[PDB]
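Have a look at the structure below, then the notes.
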Amino acid sequence: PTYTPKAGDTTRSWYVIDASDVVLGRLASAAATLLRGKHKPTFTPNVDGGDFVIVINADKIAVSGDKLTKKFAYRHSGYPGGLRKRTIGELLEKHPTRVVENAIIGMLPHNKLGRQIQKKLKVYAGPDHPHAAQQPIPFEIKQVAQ
Amino acid sequence: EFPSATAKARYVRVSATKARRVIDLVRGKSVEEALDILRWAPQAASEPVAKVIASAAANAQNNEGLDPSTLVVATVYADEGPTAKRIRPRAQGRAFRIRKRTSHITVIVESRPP
Amino acid sequence: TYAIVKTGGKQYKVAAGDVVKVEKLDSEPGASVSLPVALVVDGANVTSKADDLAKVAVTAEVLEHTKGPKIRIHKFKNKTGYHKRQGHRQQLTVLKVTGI
Amino acid sequence: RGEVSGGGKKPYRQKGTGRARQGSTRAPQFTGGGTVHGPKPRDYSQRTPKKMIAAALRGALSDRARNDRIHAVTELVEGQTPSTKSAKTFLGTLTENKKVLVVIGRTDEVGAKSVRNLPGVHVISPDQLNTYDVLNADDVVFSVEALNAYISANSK
Amino acid sequence: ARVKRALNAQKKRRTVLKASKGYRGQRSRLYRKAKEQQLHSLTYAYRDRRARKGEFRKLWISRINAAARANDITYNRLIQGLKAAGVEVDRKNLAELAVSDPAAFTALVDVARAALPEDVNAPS
Amino acid sequence: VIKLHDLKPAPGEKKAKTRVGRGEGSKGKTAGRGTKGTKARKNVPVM
Amino acid sequence: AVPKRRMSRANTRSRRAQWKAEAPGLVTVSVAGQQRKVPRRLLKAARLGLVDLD
RNA sequence: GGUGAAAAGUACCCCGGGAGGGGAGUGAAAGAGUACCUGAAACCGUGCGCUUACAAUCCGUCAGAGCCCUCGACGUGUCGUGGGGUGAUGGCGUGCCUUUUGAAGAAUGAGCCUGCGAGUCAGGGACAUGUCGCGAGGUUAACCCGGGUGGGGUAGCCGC
RNA sequence: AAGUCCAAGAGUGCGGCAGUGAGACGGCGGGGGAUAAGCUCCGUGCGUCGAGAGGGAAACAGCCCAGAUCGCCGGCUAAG
RNA sequence: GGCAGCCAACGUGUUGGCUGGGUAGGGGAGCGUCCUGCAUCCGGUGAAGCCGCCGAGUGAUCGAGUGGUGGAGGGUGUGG
């Protein structure tokens, strides 16, 4: 039978990704790939076999076009007329980590395992992060050419 | 297995659910503590339960020759018994069914070490 | 050393003494079957060329012929009255690989 | 549902009661109601052609004669007083099989009574000789008169 | 000949309830409601027996692609190269190698890259 | 010898009655009558 | 209104578990030499001999 | 409707006001206690194992960690051609019947279980096919004789 | 004239038994309508659903691919 | 790799080629029930029934395989 990850088989590493000047979609796609564990040959979709990702410089993320002012993050409170909307620029100004984190959880699966995966996304807006004690590995987003 | 005594009060005129409501207060407790709780429990279904438990303890002391102080209500449960069907007349001459429910209360007390 | 044997239309990674259930074979229990290989790996060397693989054959003893799990098909279409009950027990051969 | 007692009246209104439409408390679905397609007295006898009946009997007798299962006898016991012990002894000396069809004449009441009480021994008259009897019996014991009567009635 | 519908009737009921042992609520207790879930149960069993092959192939492809990226090659170019090299190892066993013996998978990656065309994008 | 337990009908002499209305496997539900209509509950006369 | 559907046994059980009796808190009292257990509210009555301790 | 073969239907102990029970006895059996053969399901408990209080579930199915038991092995506790319980998690997934162009349908019926509940029967009926018998013939109806199926019955019927 | 021809499981005739005789949508040709309708009425060796699962159209009988005899934890592809 | 329907070949049933979605419906072959002719076999050394266990069949279903309760009738073959 195909290999199934047993109890003591999921080893998680720590990757730190610098968000400065990186496209939001690229950063979020690669972060979601790492968080899911699509980069591990032991991948199993029913297991959280992914790696912790620490996004830094989340405030200096790069977007394109007018998305910084014409793309809205919406939230409904449930109360009638309770639709708040905040452009990506406003969201970067107020909660810089928000934009990037919302993108990454968007690209993650929407289920119990997805929300257990989210816990490994430690996004930070400053150039510094607190997890230096993890020896996070720098991770550049590279494309495997053909 | 600790020595044990049984006692089955059968066809008690109390709904099995109401007998259970008072059984849960005592299951697993010492016999003395169970009897005190049943004595001070408002639920009228407590008197049949207390009598079953006291009968179990009495059977333990006499028929089994066990020390009463070492007895605890090991397994006590109330099962449904035969239901009598009565008729309650209602408005527009419609007859509803009343259920006079009974219960079989079984108590099994064990002589556990101090 | 392990070989990815081809037997019964499927491929199985085996090593000396590994037991695999495969499709049925026309060999009595206790008989030996030589099965072609899709790839052998000896520790570090990997024989991938079909030319060098056609000369290596995995020998396996037939321990027995078994019947797989009982599949219970009940084809059903609603608002149709179409039920079709059916069963299956795939005939399989259990092989113990003697060596490569 | 028309033969079971009562059930003439429509049990309740057609509409308004919230219950299924019933036209009788004796309808088939009702407990205590009438059987829909239950049995009625039947005459299962079948008008089988005379030649078919006779050929079946001749075939059964032929099978017995081929297997040497047909015996003949001048008398069953001796005459006058029936004797089951004597008849059983004689049928034992004849045939060891269990089922025996004694084709005996109507007038041999002695032999009829004597052999009557043996367990596996049917007694039939030559004119009533039938397939079922011959086939059921392992052997067929004819009184000489019975055999002659059967042969005469058939060759005629 | 009045026949009671009891000996015969209970056989399928016991069968369906035995099969439904494990279902939640009525679907495990009532024969009628168990039968409704058993129809769907075997419809799903058939569907998922036939889709299990595809979903395991999907898992194998995911793992082979993971190992291919680790070995710095794309999955589709890896498959192209394996086909050109004549390596007839299926995706099941390729993923098995990816997980257990990454050196063997790196060997096969080298084989596939070697057998790839000098230019993959050239019309050829 | 031939016996009552050896007697059998001729090959193809007897045919199994068709039990109509017994489950969907055989002629089930409508019992070979199709959906609604006159012929679903009565036989239309020949004339 | 009327219940539109039979309540699942899980929901029935979960709501029915809430119909339970609270165990009375029993305090020791000395009456006639032997020790008895009575609610702290009836503690004064037991001391004054006003409680029928069977 | 059904205790048991027989009432042998619990002389006398204990808890309880009683009911009822526990002893002890009868009995082959009390897993037969006048609530009584067998004792199904629905339904209601209790005990144990797993599982669940961040979760959106036609309640399953397919993969499936973990945990709990079982059969072997080796005789280290780990592996197996294993088996069973539970099911974290992931994929897929729109009840049954009827009736419809089309229903998961917010169309109908069904609260649940058990039991019952629907193409049957008569007729030398009609047609068509199967199969036997006899065959240019084939059958006999009523009826008569047979404690039975069996033997007669040439009137008629269909062939011609 | 060939092809298909260990089959289309063809055509025709005569018999036993039917069910159907409420169709839907899509393409094309048209009528009625406003050259509206998911409208209505026709034609179409046109298709599909009806009575068709599987993949794709997100979900989505009728659209595209493709017609499920069963089992594989094999492979190549269709639409996408 | 298994099964089934048609067909062919030769045999004295093997192979091969095709074909096996399906509602109304048609045809074929079967499972199970209890009642019986006959024949056999099981049963107070424990029948049926019911509850399981271990399994079995291409289906309905099956266990003259087994354990618990049970207490008296059952199974099989072949026909009606």
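Below, chains carry the letters A, B, ... as their sequence lines are ordered, and counting in each starts from 1. Excluded from the calculations below are hydrogen atoms, water molecules and symmetry mates; all remaining heavy atoms, backbone and side chain alike, are included.
- Contact annotation for E:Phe56: only side-chain heavy atoms (C-beta onward) come within less than 4.5 Å of a heavy atom of chain A.
- Residue A:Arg86 qualifies as open at atom CZ: its count of foreign heavy atoms under 6.0 Å is 12 or below.
- Along residues 61-81 of chain A, no residue comes nearer than 4.5 angstrom to chain E, judged on non-hydrogen atoms.
- Using a 4.5 Å cut-off between heavy atoms, E:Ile64 does not touch chain A at all.
- Panel note: side chain E:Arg63, backbone A:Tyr3; a donor-acceptor pair is recorded below 3.5 Å.
- Interface remark: E:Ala70 contributes no atoms to any contact with chain A (heavy atom separation under 4.5 Å).
- Side chain to side chain, A:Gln146 and E:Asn76 meet the donor-acceptor criterion of an N or O pair below 3.5 Å.
- Residues E:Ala66 and A:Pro41 come closest through the heavy atom pair CB-N, 3.5 Å.
- For the atom pair A:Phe43 CZ and E:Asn65 CG, the distance stands at 10.5 Å (nearest 0.5 Å).
- The two residues E:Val99 and A:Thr42 have their closest heavy-atom pair at CG1-CG2, 3.9 Å.
- Using a 4.5 Å cut-off between non-hydrogen atoms, the part of residues 17-40 of chain A that approaches chain E consists of A:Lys38, A:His39, A:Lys40.
- For NZ of A:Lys120, the number of neighbouring non-hydrogen atoms (other residues, nucleotides, ligands) closer than 6.0 Å is greater than 12.
- Within a 6.0 Å radius of NZ in E:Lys18, other residues, nucleotides and ligands contribute 12 heavy atoms or fewer.
- Note that CH2 of E:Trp60 is 5.0 Å distant from OG1 of A:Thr2, once rounded to the nearest 0.5 Å.
- Across every non-hydrogen atom of E:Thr74 and A:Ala145, the tightest pair is OG1-O, 4.1 Å.
- Environment of NZ in E:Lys53: crowded, with over 12 heavy atoms of neighbouring residues, nucleotides or ligands closer than 6.0 Å.
- Taking chain A as the reference chain and counting heavy-atom pairs below 4.5 Å, the highest number among E:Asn93, E:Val120, E:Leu59 is found for E:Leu59.
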